[PDB]
Structure formats: structure tokens, C-alpha cells
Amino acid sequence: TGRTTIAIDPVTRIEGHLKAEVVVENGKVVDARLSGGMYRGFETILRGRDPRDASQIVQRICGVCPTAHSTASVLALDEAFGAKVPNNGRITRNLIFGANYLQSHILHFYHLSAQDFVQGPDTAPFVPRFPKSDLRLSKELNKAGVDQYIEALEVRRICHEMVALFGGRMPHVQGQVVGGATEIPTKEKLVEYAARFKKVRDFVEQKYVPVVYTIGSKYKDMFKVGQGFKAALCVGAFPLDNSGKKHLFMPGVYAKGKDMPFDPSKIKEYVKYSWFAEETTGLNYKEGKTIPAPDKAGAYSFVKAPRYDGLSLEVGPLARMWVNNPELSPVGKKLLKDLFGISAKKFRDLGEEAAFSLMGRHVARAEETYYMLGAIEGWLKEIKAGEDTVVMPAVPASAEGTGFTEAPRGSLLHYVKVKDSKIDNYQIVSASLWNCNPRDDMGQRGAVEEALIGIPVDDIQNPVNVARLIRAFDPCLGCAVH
């Protein structure tokens, strides 16, 4: 067959506003363009404010991942203000934020992704859908998916109770500020966090990790597509001591089969194909500028095009788990052997091709959820009830700072420059920015654009694998554009 061009707007069962347009020739995607179609402009809204306001304002970039922006913002403010976060506040922040990794990954697999593989009940919003949706599960396994979708609604809600115990509320925590965390954990509230955590742990271990491998074993073809550039970024997250040099996820870049250090000075944001003024192209975030140009010819997105030393990279659980190469979960090791014939001990034992794949990204996210359980368990042992969690630093007249962390969807940094005690510039380089961006000034595609190349579309009237690939990356276009 010849060419068919397919536009999907809105791409659903992601967060935010995304259009995907693919060129299909002879049953495969041969080109792609992603468009982030909604803009707010937080980077200009923030200017002129008391810098401490940023750690509230920025959370409204995303209602799914507000703890990530809270964390990057307070880390940037900590650095700019010279705030020395007490040890117990560092741990409390990790407990607040870590609980939302659990929420977000569970939300993503069940409430966004699972309908790619599972037929829901015969009522809205589960119908109507594509007449040939390629839903391969037996009646029993499909019912397990539905039952777990329903259970996961409660589990993700419990995760937000965990966030709120020391975070105040969720979405949009009150409990992280420059200088630490606003509420010292009490013995009683730590009991409450742990009791909820046990329920989440049981669901992750007994239901979620097994179902991803089991569903994957019915869609083995989905480990053979979606590789893209096979290039990844991690900037580090969840500090494990007060030195700034040791983290649960350590930083690194992976591209063209090679591990390399992460140097943030090599980040540049291009705009040729983005709706921003041409004279702002190619800036590192420390000199970043956000000047919308919604009528600019040739552009197709409000997402800028970030490149690392010229490279187009992806971010997220696959990226972090590939860079850090932890041991796989016990149940993953067992199901890889039983259902796939794969003997693996550490994450990279999946091999580059299967890891960097549509289904590999779902697997990585489930494995990362299991990995986060042990980190949270460690923090519950390390935290000291009653010990102060915050310092109260004065606002500086002139300063700069950068906060680096990993949102559930990937690498996140916030840069702030303060002048006359007010925000002079604030620049955000977020997770889905790295994944869902358009071409750069040289014409090199963004990570998801490139990962779409080769995706099978054997039925142009039911082109389900286009959005299936996109969903594996867990897009959040509010974050991508801000």
C-alpha cells in the first residue's frame, strides 16, 4: 500500500493537549509530528513575584505531578537562598514526593494505559471505541484487568492520602517550601503513613507488577517496536544524604550505545518548529527566554525542542532504570523466565531492544514502582519523629539557583534568577518536554516522534498502535509546555 496520513487530536488517555500526525506507508509509520496545543506561560507569569511564591505557582503546571515541580522549585530556591535543609526535612520531602510516584505510575498503567489492552464495561467512558481495538486477553484476564482498574482507583487515592499526611493536601501540596518541609512527622502520623503504604505495597507486588508482565506476554510483538533513538537522560533524584552527591536515581546520559556523564550546560532549547520567537532559539536554560509566536510559519507545537549536546533523548522510568541498572523485582525475574523464556537479573539484562520498546516502557514503570517501595520503606526507618524539618531563610536581593529532580515521567529542572528580591527569570525544562517535543532547528525529531517510526498500522481504519506507543511514554503536555 501507499501513503495514508492520520491525525489524532485529541490523543486521549494521556494528560493534556496533544495532537499526533503520522505518515503511514505500506503498513508502517514512516514519519511523525507531535503538537502540544495548549500554552499558559508560567515562565512569564512568575516574573516579578516573591521567589517563595514559585513553589506554589509552579505546581499548577500539572495536577498529576505537582510534587515534582514543588521539589524542583524548592531545590532551586534552596540553592538561590542558601537554605540548608535539615536532614529530617530532606527525608520528609522524600516521603511526600515518593508517595506520588506510586500514585502516578498506578494511575498511568491502569487508568490511562490499560484500556489499550483491556475492554471496559459497556458504558461511557469505556465505549464507544475502535471496532477493531486489538484486545487480545481471555475473558478471565480481561476481567482481572477491569477488577484491578477498579481496585487501583482506591489504591491511587490512598497514595494521595500518604502525600497529604505531611504535604497538607493533594493535588498541590502546601508542605514543601524553601528550607525544607513545613510539618514535622509525628509518631502517630507515621503509623498512618505506614498503614496506607502496606496496602499500596501489597497491590503493587501482588497485582500491578504481575499484570504488566502477564499482559505483555500476550503482546510480545510490542517489545519489537518503538525503539526510536534508544537514547536516555537522568538528572538524579531523591537525595539520600545531605551532600548533594548521592541519590536514589543517579544522573547519566545514554546514547548511541554509550554511557556518558550528565553535564547540564550541554542542554539547549531549540524553537524552529515551536511557536516561539525565532531569536530565542538555542538557549541554555540559564539564559532561557519564552516569547510566544503562535502565528510563526512552519512551527507545529508549544513544546520547545530540548537537545543534550545535540542529542534527542527520552526520559522516564525506562531512562532511569536503564541508566541506573538496578536488580529486577523477584516477580519480574520469575515471569520473564516463565512467560518469556528470558533469564535476567538486572534491568539491562532485558537488552537494549526490548527495554527501549512500547511494552518495555510499561515494564520499566512497573519495575520502578516496585523499586520505589524499598526506598520508601528505608525512609520510614530513617525519619525521626519530632525532629525539625525546616529553616526560615531570608529572601536574597540577588541570587540564582537550579533544582534538579526526576518527575514520574522523567527529568525535571527549574532555574531561578532573583534580582531586587523578585523573580527576574524562571526557566523550566520538564519531563514530557524531553519526550513529546517537535523537531529541532536541524530537523531531528523529538524522542516520541522518532519512537513512532516503524509502528505497525495494518488497519488504517483502526490505527490503534499509534496512540498505544505514545501512551507508553506517559505524556503530560501541561508539563511539556507550561
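We number the residues from 1 along the sequence you see.
Stretches 108-116 and 210-218 differ in mean C-alpha B factor, with the higher average recorded for 210-218. Per-stretch averaging of Cα B factors for 444-452 and 26-34 places 26-34 on top.
In the PDB entry, the Cα temperature factor peaks, among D78, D349, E367, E406, at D349. Listed residues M162, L336, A305, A232 were ranked by CA B-factor as deposited; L336 comes out on top. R40: CA B factor lies in the lowest third for its chain, per the PDB record. In the deposited entry, the Cα temperature factor of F97 sits in the bottom third of values across the chain's modelled residues. Per the PDB record, residue ranking by Cα B-factor puts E382 in the highest third of the chain. Among the modelled residues of the chain, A72 sits in the lowest third by CA temperature factor in this PDB entry.
The PDB entry assigns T12 a C-alpha temperature factor belonging to the lowest third of its chain's modelled residues.
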